[PDB]
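Every letter in the sequence shown is one number past the one before it in the UniProt record's numbering, and letter 52, counting from 1, is 60. Where is the CB? At the ideal position from N, CA and C, for every residue including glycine.
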Amino acid sequence: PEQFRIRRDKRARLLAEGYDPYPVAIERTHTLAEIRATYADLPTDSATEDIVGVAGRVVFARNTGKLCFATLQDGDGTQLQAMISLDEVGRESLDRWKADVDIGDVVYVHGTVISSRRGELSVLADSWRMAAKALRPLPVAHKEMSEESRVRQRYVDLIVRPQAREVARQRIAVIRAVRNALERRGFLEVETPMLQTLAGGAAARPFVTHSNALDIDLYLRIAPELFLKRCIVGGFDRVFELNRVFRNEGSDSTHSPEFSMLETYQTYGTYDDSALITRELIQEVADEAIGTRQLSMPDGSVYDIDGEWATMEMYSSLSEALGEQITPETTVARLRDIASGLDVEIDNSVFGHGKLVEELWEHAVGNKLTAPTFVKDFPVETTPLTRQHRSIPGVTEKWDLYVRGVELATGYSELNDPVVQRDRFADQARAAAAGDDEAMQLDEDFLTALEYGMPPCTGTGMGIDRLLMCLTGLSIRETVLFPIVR
Ligand SMILES: N[C@@H](CCCC[NH3+])C(=O)O
């Protein structure tokens with residue numbers, strides 16, 4: 009509060025003296041990266057006659073008697089030296105540089121591109137001008153900022169930490185690579201509503217808001233699934249949506265209340281066809297955005313996502329890990345007895361054959377996975393929107409993709425039978441009567457869409473934040489520019 013006061017008085021002083029501290033219409037001829045690219049092969053002590061007008065943030069400054077030096081940093085992080093010389097700008101201008109410019113200020117420097125005696129690419133200024141007065145100083149080093157401080161002040165983090173910039177450009181590139189992978193395969197991107205009168209498509213608690221236009225309660229979407237399927241009925245052959253979803257989770261990590269989600273739907277394909285596309289897409293995104301399929305991790309290890317990935321069935325692989333065959337006909341009592349013998353804590357809310365089989369598979373198989381693995385053929389009780397298997401009874405055609413031990417993507421053979429889909433919702437109602445506040449409510453308008461006939465299709469889902477976690481090992485609080493904070 010004392011450092012801020014000195015800079016505030018300096019700003020007020022400049023404004024009164026006529027020196028605009030936040031001027032408008034400053035013309036910048038080059039970005040600092042353009043200056044470094046053009047004169048990269050410039051001799052050590054040479055000097056050009058090229059006039060440039062550059063602007064950047066002063067991050068280092070050192071003043072001598074007649075000659076002042078300053079390191080300007082552009083937004084991307086490119087640095088360039090500015091030389092304010094007594095012979096070049098005059099005494100009155102040089103004195104203002106020492107009195108007015110502090111670390112963090114944005115300044116405009118107009119002069120000639122030279123290379124200092126030490127071979128530093130510099131701008132020999134003939135004029136300088138304040139572009140944005142900084143009332144608060146920059147941190148001394150990015151190591152001094154905690155992680156919660158980077159989240160609360162991402163704007164400061166992007167200035168002082170080069171990796172903060174890299175991750176930001178990385179997310180933009182990964183999302184860009186996901187779209188290119190889907191457009192190469194003929195998928196079109198549509199927009200489905202985010203405010204919905206009934207929020208279906210997933211098992212999650214929704215955010216509720218009141219609409220004054222409609223005088224009813226609206227729900228933030230938990231998934232675009234039910235509206236993307238209406239697009240399939242309408243005639244979209246290959247469709248996807250890469251945008252935000254909202255899930256009202258409570259005191260649970262790895263999942264944020266708001267995250268970006270990719271859902272794709274493709275007609276006349278099964279969950280086998282979407283599993284192949286999902287693997288090729290992830291591997292293509294790694295090539296385009298990361299540059300390798302040998303993913304470097306923060307702990308120094310290297311993770312391999314190349315090649316073909318293993319596939320296993322849930323009931324079959326769970327039976328191998330337990331030594332006892334588990335089938336859809338296995339009783340809930342038998343599953344609870346196996347869990348008690350393994351010292352596994354069934355989370356009170358978990359009940360039923362399907363949820364218990366999934367919890368046992370996660371403990372006995374899922375958590376021990378390291379390489380990318382597909383697990384397919386799920387219990388029918390826990391996959392209401394998934395078509396039943398061709399031959400195997402009691403299971404549905406769904407796969408979950410595990411990369412580095414984390415659930416990354418999921419794919420269905422979509423249930424298009426409207427009579428069976430209504431039966432699944434009746435089973436969801438009975439689960440809701442038992443205490444499951446995440447069960448899916450019956451969406452009548454969605455069933456009406458299926459009753460006009462939906463072609464067979466396969467649908468996928470994958471969180472972008474989860475994808476960034478697999479490719480870079482960084483949590484959602486690092487790959488999102490402004491994560492939510494109290
Ligand atoms: N709606 C699913 C995504 C996959 C949909 C497959 N038909 C979810 O939220 O997990």
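Query	Result
Mapping the DSSP letters down to three states, classify residue 91 as helix, strand or coil.	strand
Should residue 255 be labelled buried (16 or more other beta-carbon atoms within 10 Å of its own) or exposed?	buried
Can you tell me whether residue 90 is buried or exposed, with buried defined as 16 or more other CB within 10 angstroms of its CB?	buried
Exposed or buried, which one is residue 23 when buried takes at least 16 other CB atoms within 10 Å?	exposed
List the DSSP bridge partners of residue 79.	68, 89
Does the segment 375-384 come within contact of the segment 352-367, defined as at least 3 CB pairs closer than 8 Å?	no
Which residue from 372, 407, 332 puts its Cα closest to that of residue 317?	407
When the distance is taken between beta carbons, is residue 442 closer than 8 Å to residue 5?	This structure leaves residue 5 out entirely; the chain is present only between 9 and 494.
Label residue 165 either buried or exposed according to how many other C-beta atoms from any shown protein chain fall within 10 Å of its C-beta, with 16 as the threshold for buried.	buried
Count Cβ pairs between the segment 109-122 and the segment 53-69 that sit closer than 8 Å; are there 3 or more?	yes
Give me the Cβ distance between residue 273 and residue 236, rounded to the nearest whole Å; I'm assuming they're in contact under 8 Å.	5 Å
Which one of 74, 398, 78 has the shortest CA to CA distance from residue 66?	78
If contacts are defined as beta-carbon pairs under 8 Å, then residue 217 and residue 226 qualify, I think. What distance do you get, rounded to the angstrom?	5 Å
In chain order, what residues of the same chain lie with their CB nearer than 6 Å to the CB of residue 204, ignoring the 5 residues before and after it?	227, 229
Quick one, are the C-beta atoms of residue 470 and residue 241 less than 8 Å apart?	no
Determine the DSSP secondary structure at residue 322, reduced to helix, strand or coil.	helix
Between the beta-carbon of residue 361 and the beta-carbon of residue 387, is there less than 8 Å?	yes
For residue 200, which residues from the same chain have a beta carbon less than 7 Å from its beta carbon, with the 5 sequence-adjacent residues on both sides left out?	232, 235, 236, 249
Along the beta strand (DSSP E) that carries residue 407, what are the first and last residues, could you check?	403-411
In terms of alpha-carbon separation, which member of 12, 416, 33, 215 lies closest to residue 496?	The requested residue 496 is not part of the displayed model; the chain covers only 9 to 494.
Along the chain, where does the alpha helix (DSSP H) that runs through residue 251 open and close?	Premise fails: residue 251 lies in the beta strand (DSSP E), 246-254, not in any alpha helix (DSSP H).
Identify every residue that forms a DSSP beta bridge with residue 387.	403
Can you confirm whether the segment 396-407 touches the segment 429-438 when touching is taken to mean that 3 or more C-beta pairs between the two stretches lie within less than 8 Å?	no
Which whole-angstrom value is the C-beta distance of residue 264 and residue 111, which I expect to be below 8 Å?	Between residue 111 and residue 264 the Cβ distance is about 35 Å, and since that is not below 8 Å, they are no contact.
If you follow the alpha helix (DSSP H) that residue 282 is part of, which residue opens it and which one closes it?	279-293
Measuring CA to CA, which of 305, 187, 313 is closest to residue 251?	187
Apply the 10 Å Cβ neighbour rule to residue 376 and answer buried if 16 or more other Cβ atoms are within range, or exposed otherwise.	exposed
Any idea which residues DSSP pairs residue 137 with across the strands?	116
Does the Cβ of residue 420 lie closer than 7 Å to at least one heavy atom of ligand 1?	yes
Indicate whether residue 143 and residue 21 have their beta-carbon atoms separated by less than 8 Å.	no
Measure the alpha-carbon distance for residue 459 versus residue 465 and round it to whole angstroms.	15 Å
Less than 8 Å between the beta carbons of residue 174 and residue 132, yes or no?	no
Check for me: the beta strand (DSSP E) holding residue 157 runs from which residue to which?	Counting along the chain, residue 157 falls outside any beta strand (DSSP E), though it belongs to the alpha helix (DSSP H) covering 155-160.
Using the DSSP secondary-structure output, state which residues sit across from residue 429 in a beta bridge.	Answer is none; residue 429 lacks a bridge partner.
Considering just the uninterrupted stretch of the alpha helix (DSSP H) at residue 11, what are its terminal residues?	10-25
Could you tell me whether the Cβ atoms of residue 374 and residue 410 are closer together than 8 Å?	yes
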